> 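Below: one structure in structure tokens.
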Amino acid sequence: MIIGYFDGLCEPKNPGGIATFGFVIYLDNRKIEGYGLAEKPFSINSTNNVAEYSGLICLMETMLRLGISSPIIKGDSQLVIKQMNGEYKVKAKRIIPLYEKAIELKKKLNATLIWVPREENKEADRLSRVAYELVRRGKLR
């Protein structure tokens with residue numbers, strides 16, 4: 001069963017920090033993972049939720065492009081998972097287009113999205129932090 005995980009962070013302030021994401025895709029014999037900048041650094045449009053959605057979108061885009069289908073996708077954002085499952089409304093103007101992109105991807109992938117606690121999402125967390133550190137080192141821009 002293909003399982004992907006995503007995460008996003010925004011530090012050292014939220015909002016107005018550096019927003020990064022990370023994701024990991026588990027296949028039985030190999031792993032593919034990704035991490036990066038979600039928004040322009042220190043911009044007022046870097047937010048935690050934008051970062052989380054960006055990690056989700058990049059995860060599902062990567063899956064789609066690789067020909068993965070019917071994955072299970074796990075994250076530790078209750079808000080994002082509940083929005084993606086039709087259980088919380090999306091009303092924030094900057095989240096709406098990201099939610100829409102993610103919903104189209106979820107439909108195309110026949111993805112199932114479930115919440116797990118933070119301590120079960122450590123790899124994707126770690127990768128969002130690696131991305132953050134890389135931005136601080138001028139290695140992602």
Side-chain angles (χ1 to χ4, degrees), residues 1-137 139-141:
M1 180 177 101
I2 304 309
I3 302 178
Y5 290 83
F6 72 96
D7 208 348
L9 80 62
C10 186
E11 304 277 342
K13 53 181 279 79
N14 172 45
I18 299 179
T20 57
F21 66 83
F23 69 86
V24 183
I25 299 174
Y26 296 82
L27 301 108
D28 281 38
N29 60 349
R30 67 198 183 281
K31 287 170 63 174
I32 299 291
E33 72 209 0
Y35 45 92
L37 198 57
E39 259 285 350
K40 155 173 255 33
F42 301 125
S43 164
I44 228 297
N45 278 315
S46 320
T47 77
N48 174 244
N49 281 311
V50 166
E52 290 268 342
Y53 266 99
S54 301
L56 172 67
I57 293 163
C58 196
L59 171 57
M60 292 196 286
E61 299 176 333
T62 302
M63 285 178 153
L64 180 68
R65 287 190 213 184
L66 297 179
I68 289 161
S69 65
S70 295
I72 287 49
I73 295 196
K74 298 177 166 180
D76 70 308
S77 178
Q78 252 200 298
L79 202 254
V80 175
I81 305 289
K82 289 173 155 227
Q83 294 173 339
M84 290 294 297
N85 289 324
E87 301 162 17
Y88 276 150
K89 42 75 168 323
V90 190
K91 268 228 191 333
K93 236 340 158 329
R94 53 157 63 95
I95 294 310
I96 287 171
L98 294 171
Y99 164 81
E100 288 175 341
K101 193 156 332 186
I103 293 288
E104 289 303 307
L105 280 161
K106 169 184 195 273
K107 291 174 180 165
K108 289 186 133 138
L109 284 167
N110 190 34
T112 297
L113 273 62
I114 75 296
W115 175 85
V116 299
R118 203 135 104 296
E119 51 261 48
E120 285 181 43
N121 197 23
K122 300 285 65 169
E123 242 212 289
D125 181 66
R126 184 177 73 76
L127 295 172
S128 62
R129 296 174 187 283
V130 164
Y132 179 78
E133 291 304 326
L134 286 177
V135 169
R136 292 174 75 195
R137 289 163 60 181
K139 298 185 142 342
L140 299 173
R141 33 81 133 275

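Position 1 is the first residue of the sequence; numbering continues from there. Both backbone and side-chain heavy atoms feed into the values below; hydrogens, waters and symmetry mates do not.
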> If we only count heavy atoms from C-beta on, is the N85 to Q83 side-chain gap below 4.5 Å?
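No, their side chains stay 4.5 Å or more apart.
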> Check for a donor-acceptor pair, side chain of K89 on one end and backbone N or O of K91 on the other, with a separation under 3.5 Å.
no
> What distance separates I2 CD1 from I72 CD1, expressed to the nearest 0.5 Å?
9.0 Å
> Would you please test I81 and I114 for side-chain contact (heavy atoms from CB on, under 4.5 Å) and show each step?
CA-CA 6 Å; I81 305 289; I114 75 296; 5.5 Å; no
> Answer whether the closest heavy-atom distance between the side chains of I25 and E33 falls below 4.5 Å.
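Side-chain contact under 4.5 Å: no.
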> Could you tell me if the side chain of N49 sits less than 4.5 Å from the side chain of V80, heavy atoms only?
yes
> Looking only at non-hydrogen atoms, find the nearest pair between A124 and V24 and report the distance.
N-CG2, 4.2 Å
> What's the spacing between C58 SG and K101 NZ if we round to 0.5 Å?
11.5 Å
> Quick one, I73 with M63, criterion side-chain contact (heavy atoms from CB on, under 4.5 Å). Give me CA distance, side-chain angles, the key distance, then yes/no.
CA-CA 10 Å; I73 295 196; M63 285 178 153; 4.1 Å; yes
> For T47 and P15, which heavy atoms make the closest approach, and how far apart are they?
CG2-CB, 4.2 Å
> Report yes if some heavy atom in the side chain of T62 is under 4.5 Å from a heavy atom in the side chain of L66; otherwise report no.
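Yes, their side chains come closer than 4.5 Å.
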> Nearest heavy-atom pair of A131 and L140: which atoms, and what distance?
O-CD1, 3.8 Å
> Using every non-hydrogen atom in the two residues, find where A102 and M60 come nearest and quote the distance to one decimal.
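Taking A102 first and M60 second, the nearest heavy atoms are O-CE, 3.4 Å.
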> Look up atom CD1 in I18 and atom OH in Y132, then write down how far apart they are to the nearest 0.5 Å.
5.0 Å
> Measuring from atom CG of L56 to atom CG of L113, what distance do you get when rounded to the nearest 0.5 angstrom?
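Taking CG in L56 and CG in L113, the distance rounds to 5.5 Å.
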> Could you grab the distance from atom CD of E119 to atom CG of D125, nearest 0.5 Å is fine?
11.0 Å
> Measuring from atom CD of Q78 to atom CD of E87, what distance do you get when rounded to the nearest 0.5 angstrom?
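Rounded to the nearest 0.5 Å, the CD-CD separation comes out at 9.5 Å.
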> Ignoring hydrogens and geometry, is there a side-chain-to-backbone donor-acceptor pair from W115 to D76 under 3.5 Å?
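Yes, the answer is positive, given that a donor and an acceptor are paired below the 3.5 Å cut-off.
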> Restricting to non-hydrogen atoms, name the atom on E39 and the atom on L37 that form the minimum distance, rounded to 0.1 Å.
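It is O-CG, 2.9 Å.
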> Kindly say whether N48 contributes a backbone atom to a donor-acceptor pair with the side chain of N14 at under 3.5 angstrom?
yes
> Can you list every ring pair (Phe, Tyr, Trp, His ring centres under 6.0 Å) pair that touches residues 4-55, not counting sequence neighbours?
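Qualifying pairs, neighbours excluded: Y5-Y26.
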> Counting only heavy atoms not in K108 (residues, nucleotides, ligands), do more than 12 fall under 6.0 Å from its NZ?
no
> Got a donor-acceptor contact below 3.5 angstrom from the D7 side chain to the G55 backbone?
no
> Before giving the answer on side-chain contact (heavy atoms from CB on, under 4.5 Å), spell out for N45 and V50 the whole-Å C-alpha distance, their side-chain angles and the decisive distance to 0.1 Å.
CA-CA 8 Å; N45 278 315; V50 166; over 6 Å; no
> Taking atom types as modelled, find out whether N110 and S70 have a side-chain donor-acceptor pair closer than 3.5 angstrom.
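Note: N110 and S70 side chains meet the donor-acceptor criterion.
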> Specify the closest pair of heavy atoms between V135 and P41, including all atoms of both residues, with the distance to one decimal.
CG1-CG, 4.3 Å
> Side chain of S46, backbone of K40: donor and acceptor closer than 3.5 Å?
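Yes; judged by distance alone, with no hydrogens or angles, the pair exists.
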> Could you walk me through whether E133 and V130 satisfy the side-chain contact (heavy atoms from CB on, under 4.5 Å) test, starting with their C-alpha distance in whole Å, then the side-chain angles of each, then the deciding distance to 0.1 Å, before giving a yes or no?
CA-CA 5 Å; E133 291 304 326; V130 164; 5.9 Å; no
> Should the pair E123-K31 be classified as a salt bridge under the 4.0 Å nitrogen-to-oxygen rule?
yes
